[PDB]
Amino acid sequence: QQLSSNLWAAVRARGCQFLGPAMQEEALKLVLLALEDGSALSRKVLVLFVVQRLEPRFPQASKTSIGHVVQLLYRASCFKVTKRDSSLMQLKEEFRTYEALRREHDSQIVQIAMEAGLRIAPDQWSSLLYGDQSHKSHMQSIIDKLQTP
């Protein structure tokens, strides 16, 4: 798809990455593993935690690519950041379950598509983000919220 290619180019243009439906899911679940309980990790340590556990099952995982995944979450305003002179990152309380964090994640990607002027329907979103046709109403719901006049 040209559509997919333009979307991911748009995502990369903003310092972010989507690693693919299977890999991104596991990445996000590992972010949760580290931050569920409100632990406060630097970006370095968060990336390290996730790459460490992701790479065994998805060997192409890197500090660079997972940094770009975390940046996507940062851009989605998922973190409470405590600055210091090296900042520490906490998952906002409202996003400490997978479905909630994943929803904010997807929504940020839909915002990016909107910025990039890319018109994408829910069945396409379901393919792009989940690699199935079982997430249409999830994506449609995200779209509805972003399309308030």
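All residue numbers refer to positions in the sequence shown, first residue = 1.
Undergrad: In this entry, is the chain continuous from residue 85 to residue 86, or are deposited residues missing in between (none, 1 to 3, 4 to 9, 10 or more)?
TA: The entry has a short gap there, with 1 to 3 residues left out between residue 85 and residue 86.
Undergrad: Would you determine, from the values in the PDB entry, which of 76 to 84 and 96 to 104 has the greater average C-alpha temperature factor?
TA: The stretch with the larger average C-alpha B-factor is 76 to 84.
Undergrad: Return whichever of 86 to 94 and 63 to 71 has the greater mean Cα B factor according to the PDB record.
TA: Higher mean C-alpha B-factor in the PDB entry: 86 to 94.
Undergrad: Out of 27, 34, 118, 109, which residue has the highest Cα temperature factor in the PDB record?
TA: Of the candidates given, the C-alpha B-factor peaks at 118.
Undergrad: Among the modelled residues of its chain, does the C-alpha B-factor of residue 57 lie in the lowest, middle or highest third?
TA: Ranked within chain, residue 57 CA B lands in the lowest tercile.
Undergrad: By the record's CA B-factor, is residue 41 among the lowest, middle or highest third of residues in the chain?
TA: Answer is highest: the recorded C-alpha B-factor places it there.
Undergrad: Could you tell me which third, lowest, middle or highest, the C-alpha B-factor of residue 133 occupies within its chain?
TA: Residue 133: CA B-factor falls in the highest third of its chain.
Undergrad: Where does the C-alpha B-factor of residue 7 rank in its chain, lowest, middle or highest third?
TA: Tercile = lowest for this residue's CA B-factor.
Undergrad: Check where residue 51 lands among this chain's C-alpha B-factors and tell me if it's the lowest, middle or highest third.
TA: For residue 51, whose C-alpha B-factor we compare with every modelled residue in the chain, the answer is the middle third.
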